[PDB]
Every structure is written in structure tokens, then in C-alpha cells.
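Asks: The structure's right below; bear with me while I get my questions together.
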Amino acid sequence: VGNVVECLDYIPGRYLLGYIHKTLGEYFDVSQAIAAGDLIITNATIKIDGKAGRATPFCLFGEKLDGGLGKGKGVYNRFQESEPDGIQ
RNA sequence: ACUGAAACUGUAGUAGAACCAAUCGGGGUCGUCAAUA
């Protein structure tokens with residue numbers, strides 16, 4: 001956007017494609033696999049619990065003053081929980 | 001169903017102005033000393 005580039009907080013799988021070509025392209029036709037769907041390289045997301053971190057579900061809601069996942073409390077799964085009495 | 005490329009946080013700017021390390025002072029001159037028996 002003009003003279004600034006904003007950055008993602010994950011690595012998209014397309015950036016690893018050139019590495020997939022370089023390392024494995026001699027063992028199979030990588031381009032053919034891509035076209036056929038025989039290859040998936042996922043996004044690289046932050047490692048949590050020793051595994052790929054999973055994008056925070058939008059069905060989670062924080063108590064606006066005192067809650068949310070950053071505050072570690074007052075997090076409601078609105079797929080399963082009614083909105084509390086008097087708390088936005 | 002495929003990483004954009006390429007681009008010097010540089011350019012100009014005197015840590016300086018002001019402030020006496022100074023003020024006063026004849027290299028001079030006279031009475032004892034000591035405490036017992």
C-alpha cells in the first residue's frame with residue numbers, strides 16, 4: 001500500500017514451493033503433482049504445544065472489559081454458550 | 001496451480017556564549033627563665 005508493505009503472521013505454503021522443487025523435483029514431477037493435487041504444503045503457523053498453531057476461532061468471545069484469550073478469562077464459545085447477563 | 005523485482009534512513013547543523021583564580025598580609029623582632037625551703 002504505497003510505500004509500506006504489511007506482513008502476515010504466518011508463512012503461506014506457496015513460499016515453500018521453490019524449496020519443494022529444489023529438494024524433491026528430481027524424484028518426481030513436482031509440477032504435475034501440483035496440477036493433479038498430489039502435493040499439499042500447508043501454511044507454516046506458529047508452533048504451539050509442539051504443533052502448528054491453529055487460527056483462533058471467531059466463535060470465541062471475550063468479556064469486553066475484563067476477558068478474552070489475552071486476559072485468559074471470560075472467554076465464551078458462542079456456538080455453545082449464551083451471552084451472559086449484563087456483560088457485553 | 002508456484003516466493004515479485006529493484007530502493008543507503010539518509011540530507012544540512014562547530015557543545016557553544018559569558019566569567020581576571022582572585023582578594024588581605026613589611027621576612028619581621030627584646031625581656032628574662034625556673035620553684036622551692
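Residues in the C-alpha cells are named by chain (A, B, ... in the order shown) and by number from 1 within that chain; ligands are numbered from 1 in the order shown.
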May I ask you to extract the residues of chain B within 10 Å of chain A, using only C-alpha atoms (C1' of nucleotides), and to give them as a PDB file with N, CA, C and O atoms (P, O5', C5', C4', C3', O3' and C1' of nucleotides), in the first residue's frame?
Replies:
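Heads up, here's the output in part-v5.pdb:
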```
ATOM      1  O5'   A B   1      -1.824 -23.665  -6.005  1.00  0.00           O
ATOM      2  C5'   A B   1      -0.564 -23.975  -6.564  1.00  0.00           C
ATOM      3  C4'   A B   1      -0.562 -23.800  -8.056  1.00  0.00           C
ATOM      4  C3'   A B   1      -0.952 -22.436  -8.566  1.00  0.00           C
ATOM      5  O3'   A B   1       0.095 -21.511  -8.401  1.00  0.00           O
ATOM      6  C1'   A B   1      -1.904 -24.110  -9.923  1.00  0.00           C
ATOM      7  P     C B   2      -0.131 -19.953  -8.630  1.00  0.00           P
ATOM      8  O5'   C B   2       1.096 -19.300  -7.884  1.00  0.00           O
ATOM      9  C5'   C B   2       1.520 -19.797  -6.629  1.00  0.00           C
ATOM     10  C4'   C B   2       2.930 -20.313  -6.688  1.00  0.00           C
ATOM     11  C3'   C B   2       3.893 -19.481  -7.535  1.00  0.00           C
ATOM     12  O3'   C B   2       4.999 -19.092  -6.719  1.00  0.00           O
ATOM     13  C1'   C B   2       4.166 -21.788  -7.966  1.00  0.00           C
ATOM     14  P     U B   3       5.869 -17.811  -7.109  1.00  0.00           P
ATOM     15  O5'   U B   3       6.398 -17.249  -5.728  1.00  0.00           O
ATOM     16  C5'   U B   3       5.476 -16.797  -4.744  1.00  0.00           C
ATOM     17  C4'   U B   3       6.139 -16.142  -3.566  1.00  0.00           C
ATOM     18  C3'   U B   3       6.961 -14.904  -3.910  1.00  0.00           C
ATOM     19  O3'   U B   3       7.002 -13.977  -2.832  1.00  0.00           O
ATOM     20  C1'   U B   3       8.373 -16.561  -3.001  1.00  0.00           C
TER      21        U B   3
END
```
Asks: Tell me, which residues of chain A carry DSSP helix (DSSP H, G or I), written as a VMD selection string?
Replies: chain A and resid 13 to 24 30 to 36
Asks: How would the residues just picked look written out with C-alpha atoms as a PDB file, in the first residue's frame?
Replies:
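Saved as out_9.pdb:
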```pdb
ATOM      1  CA  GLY A  13       2.550 -22.635   1.600  1.00  0.00           C
ATOM      2  CA  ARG A  14       3.409 -21.077  -1.775  1.00  0.00           C
ATOM      3  CA  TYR A  15       6.720 -19.741  -0.419  1.00  0.00           C
ATOM      4  CA  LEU A  16       7.928 -23.298   0.232  1.00  0.00           C
ATOM      5  CA  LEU A  17       7.106 -24.419  -3.326  1.00  0.00           C
ATOM      6  CA  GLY A  18      10.518 -23.399  -4.654  1.00  0.00           C
ATOM      7  CA  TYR A  19      12.129 -25.418  -1.874  1.00  0.00           C
ATOM      8  CA  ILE A  20       9.876 -28.375  -2.805  1.00  0.00           C
ATOM      9  CA  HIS A  21      11.047 -28.075  -6.423  1.00  0.00           C
ATOM     10  CA  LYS A  22      14.696 -27.698  -5.468  1.00  0.00           C
ATOM     11  CA  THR A  23      14.816 -30.578  -2.992  1.00  0.00           C
ATOM     12  CA  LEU A  24      12.379 -33.095  -4.473  1.00  0.00           C
ATOM     13  CA  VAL A  30       6.546 -31.696  -8.790  1.00  0.00           C
ATOM     14  CA  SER A  31       4.654 -29.523 -11.269  1.00  0.00           C
ATOM     15  CA  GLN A  32       2.479 -32.460 -12.303  1.00  0.00           C
ATOM     16  CA  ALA A  33       1.709 -33.254  -8.663  1.00  0.00           C
ATOM     17  CA  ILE A  34       0.697 -29.623  -8.065  1.00  0.00           C
ATOM     18  CA  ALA A  35      -1.589 -29.691 -11.109  1.00  0.00           C
ATOM     19  CA  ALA A  36      -3.155 -33.020 -10.060  1.00  0.00           C
TER      20      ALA A  36
END
```
Asks: Quick check for you: according to DSSP on this backbone, which residues of chain A are classed as strand (DSSP E or B)? Reply as number ranges by chain.
Replies: A: 11, 44, 47-48, 51-52, 60-62, 68, 73, 75-77
Asks: Expressed in Å to a single decimal, how great is the separation between CA of residue 49 (chain A) and CA of residue 9 (chain A)?
Replies: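 Between these atoms lies a distance of 17.7 Å.
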